[PDB]
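Each remark here refers to the structure printed beneath this line.
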Amino acid sequence: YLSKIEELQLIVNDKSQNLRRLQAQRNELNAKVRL
Amino acid sequence: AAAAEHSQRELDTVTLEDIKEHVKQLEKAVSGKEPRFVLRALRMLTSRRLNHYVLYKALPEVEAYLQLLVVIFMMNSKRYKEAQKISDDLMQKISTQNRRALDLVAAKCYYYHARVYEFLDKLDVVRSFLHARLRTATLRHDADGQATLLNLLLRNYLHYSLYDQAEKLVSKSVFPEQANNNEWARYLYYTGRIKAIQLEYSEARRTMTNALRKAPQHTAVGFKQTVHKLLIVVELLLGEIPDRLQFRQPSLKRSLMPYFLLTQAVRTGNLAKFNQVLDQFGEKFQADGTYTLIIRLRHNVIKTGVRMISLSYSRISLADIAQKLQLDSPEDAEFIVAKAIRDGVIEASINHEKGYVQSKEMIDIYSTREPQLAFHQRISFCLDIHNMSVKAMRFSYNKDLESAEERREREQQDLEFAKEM
Amino acid sequence: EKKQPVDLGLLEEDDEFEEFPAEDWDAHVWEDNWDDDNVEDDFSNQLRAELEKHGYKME
Amino acid sequence: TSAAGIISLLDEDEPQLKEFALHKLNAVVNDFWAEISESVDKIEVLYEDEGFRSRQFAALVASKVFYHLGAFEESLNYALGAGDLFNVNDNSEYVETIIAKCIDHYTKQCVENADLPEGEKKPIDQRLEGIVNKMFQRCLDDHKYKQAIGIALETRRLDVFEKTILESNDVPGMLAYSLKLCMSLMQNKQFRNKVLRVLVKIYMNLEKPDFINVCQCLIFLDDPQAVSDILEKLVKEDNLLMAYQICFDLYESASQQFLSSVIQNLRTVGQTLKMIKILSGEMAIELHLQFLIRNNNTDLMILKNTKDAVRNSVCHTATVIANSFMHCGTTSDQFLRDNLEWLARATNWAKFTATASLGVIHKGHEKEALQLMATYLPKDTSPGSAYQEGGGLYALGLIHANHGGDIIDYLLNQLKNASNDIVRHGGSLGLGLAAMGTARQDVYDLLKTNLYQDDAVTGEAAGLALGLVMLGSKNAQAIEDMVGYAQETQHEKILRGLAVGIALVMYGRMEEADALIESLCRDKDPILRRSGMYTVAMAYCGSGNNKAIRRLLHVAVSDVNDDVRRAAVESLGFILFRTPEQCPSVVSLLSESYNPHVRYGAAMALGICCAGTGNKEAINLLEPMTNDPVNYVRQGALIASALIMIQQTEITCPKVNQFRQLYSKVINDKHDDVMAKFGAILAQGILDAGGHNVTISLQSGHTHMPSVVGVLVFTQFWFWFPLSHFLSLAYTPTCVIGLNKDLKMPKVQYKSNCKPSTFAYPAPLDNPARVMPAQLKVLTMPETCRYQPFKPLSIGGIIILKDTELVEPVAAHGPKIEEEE
Amino acid sequence: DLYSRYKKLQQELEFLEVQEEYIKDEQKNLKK
């Protein structure tokens, strides 16, 4: 397993994909405002 | 008939969070069951083994789920014989289940497994397992199943008498995120409790308060009724009387009467009445463990007695205090009151040779330090409530692009026309 | 979620008194609360205020 | 049940008991460590009693508690202490856990150990190292070795990565897998470069290993000896095709700087002048031209439609180039004759540019080009405008880049003789053009005056060619000079192009230029900051340096000047080259931004990253940008698309139709600018460059800087217009032609089905034409004909069916070369 | 497969880093 499950530990990191997710909108929203 | 939902629930067998939704209705999917309807799973499917199991009682990602349906079938059928045996065979298979999604499903499983159980072989032999995969799943990083299992073994320590084992257990615990608020409050409940029995109150009120917040409502009564029982107890021990609007909220007002007969005892600060009440409702208070908490109050009651006798008298001959508190001797008194003074209750001094307490003033009227702290603490609360709402609220976000090309062109054309003119 | 809650409730207890309470399951609340306490005091006091003073008449 | 006795037995004497405490404890630790977790303090002291032997019991026991406490380097240490209580084959999740846990520790340790040194040593706790290797042994017994490798990859232990598996099995699939991987991965190339040597060695064991492997490996090492060792071993193994194909591995890979070593070496090493003749690559130029001349798909009518479309000064410039594209190396004056009044409508620089656009057209004619330029060359008089006269100068090297050094230096003499104005610029242009990558101080020097001569016209080119000469790690002195001259010399452009030169001669240096980078970053002036990115590119281009990117981002983030950001964004796709993957996702932020420049710089890098690649996904992101109100933006977007879109067209990509028409639309549009139509006509001509039959390639496998150059050259164009002809570099053949030993050019259509994109292409069988890097590799040879490759099939540009009965049938075939060459 | 995936992910972990840290930048330069 050793390295096997390893992929999971980091695989779950997808959490950062969502926050940035909150960012884009959160970021894209300004872009509309600034633009 | 209704088994369609069981098939429809199987339509939730696609991938990932469907299971979550799949479970929701499956919570109420157990409304209708028949033993012949059990044969439905027999026709739904390894297959042969399943059939055999079904026979005894009376795709895999949904195999575990249908096993859930077997447990639910049996446990809800009262029959413990087959239900109990099945769990051993079902719990094992689903347990060793080399699947990650299954861990989430098994939590409902474990939730029942412990439940029906009775003793050692269940408290001890069944506990060793919950800790085993508790570690396994802990390395497997499935939040829900972890938290659930942890709760089950905690509940085991408290079905036992061991608070310490559970406490040091917490000491080495880290709890995870992504949860179910109900399990979250189960935790906060047990936590607050053991945290209290060890004497530390001021942090117990916290975890139990959360057990009130994070708990759902619908009809989840008995948990609220019970907790409150612990809520009222902590609030009482800590020295802060709860308001009446507590002993009269819902159907639970019929069970809180004992505590509503404690505060009447406590606020008055009359010991004999207290004791008599404890004898009166004792047995009632034993059905939960709030009892040995309550029997601690004998200190608090007397504290109250002293504080009231102080606010209502500038100086009193020891004789009289000893009469109002019914106590045997004056010598007893000045020990009690000498104690009360050190604790920052009375702010007095004692005249010994004439034997009368004489009492400190409110020079401490506008301390200013007190109200400030209370104010400060409050502000942090409003802020957080404003920060969390800004970080959560902040989440149909798409479909963005002002300006344009068609119109822009039109504008350009107009401009050109103007120029020409 | 409701079902989960129910399950939690079940685990925490059953319960004996809780069941009874549930069966019983109203009214209002008015506005504010604390501290009720006993009753039949005022007139009792006067009944005694007489008696007291009557005792003090006896005095 | 509960540990209380065992808790009590603990302090109780008779180490016998304590053993049997620990023993009984050990078994029941698993549950009861929880209670026991408070006894650990004694247990610690217990492990400190050499008197009591078994304490490794308690140590591992504590380790049990410590996992159960989440303590690990604790647990590991005491599991390490155990050695006996502990064993690898003992299977518990815990054991598995603690091991795996213990393991990870090694890596950074080893890596930290790897940091200073690297290899054998006792620095690391051998227990771990043992257990490490013991698991590596188990990995060996797992006998899937990337399993072991990726570890030992990070484990940095070549000893492990020795060759055990080598002799074992998996003849072809135990090195490349890691090797190709290693290229993608290892921070310190040295560790990877260590692999490369051994790898070659592993392959040099040779049951006839694949050489292009070794080639790239060598090309990655650029170690001539290996190649020479190969060459000997080659000469030992000598076969034409083998040598040829090797030299074909070679002619297509080794840098102009690297290879020339091997040349004189191979010279000295003797043989087979074919090798030296392959060192030409003119055969390709021929074949390419041959391919072109043959397979050119032109339709100037539409370009005429684009040329006849509008008429002006700036625009007329552009269409002087796209014509070159469609004629690039193709050697035709078609429209050049059409409008002679074209020249009237050209302007001194356009006149200058129109003259240079010739080298493009004739690029790959290694003789004619000079004669092509001859009428417009120098001394040979001129019809008017010394720019046109200046034009040939730069125009010349276009064909002869690297091969015109003589004429270059010769022209450099003309330069040296008088450096100033066009007569010095156009020459000052073409000099470093051919001198690029070749280190000639004169080139640097002669320009350095022409530079210092402070002609915004002339001195500019110096700021390039000097970079081009020393393009490489160059020298920091010129850097100082340039950087000095930057701050020193007073001009916008002359000052500007310096950093570009700085960007040049900082190439792959990476960590090196960081100073000047930092310097350039710290610059008040955009220019230094500007080139900084390009510097950072040429340093870190290809492989992503996050921090670089991170810096480049934050730089683009943190700069007031937009062009810099624009630039900074542009240069990303260089250090972001190797992964075009996220680049859309990357720019998908910068795709959407208030600023055009940002949105401008977006187009290029992504348009660059996928230039030689796919992702209509990437493409489609830009189409909104193609509608960004600034024509200059869409102009870029126009370009950026076509940079990708060549060969990809026609229902393979349906979008090309619009994109093409969009140009035409724009090209039709009077209300679209000569920004708009400019790129449009160009991007059109882009798609149609090299008779539309040619591609754009860069580190698609190993880098070629010349591919890059035209880009960075073209980078500043609306800045400084007479440039883009540099873009001719990355033009790449789709040619598929028999080639062979004698070079009888036997042409067969090898006939292995692709979903047919040789049918997907612009309007107006395996032999040459469209192909595709892919549509190459859906096509495989027949064994039936006389000639067979050793490498069995291959890309398009490299061709060469290897020759397996002369002066007989199999007839004869010839081409442009066979005529003159 | 891991030595190609488990290793090819570390990039990803950086992708969120390359962008996670940059993302704050747009939030920050936008406000000014």
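The first residue you see is number 1, and the count goes up from there.
Structure method, as recorded: electron microscopy, 3.5 Å.
Quick reminder: no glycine exception, Cβ is built from N, Cα and C everywhere.
Looking at B:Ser161, B:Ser317, Swiss-Prot tags one of them with phosphoserine, and that residue is B:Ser317. Broken down by DSSP into helix, strand and coil, the compositional bias 'Basic and acidic residues' (B:397-421) contains 15 helix, 0 strand, 10 coil. You'll find the Cα of B:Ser317 (phosphoserine) roughly 13 Å from the Cα of B:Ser329 (phosphoserine). B:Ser317 (phosphoserine) counts 15 other C-beta atoms within 10 Å of its own C-beta, drawing on all protein chains shown. Within 10 Å of the C-beta of B:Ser329 (phosphoserine) there are 10 other C-beta atoms, taking all protein chains into account. Look at B:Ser329 (phosphoserine): DSSP puts it in coil.
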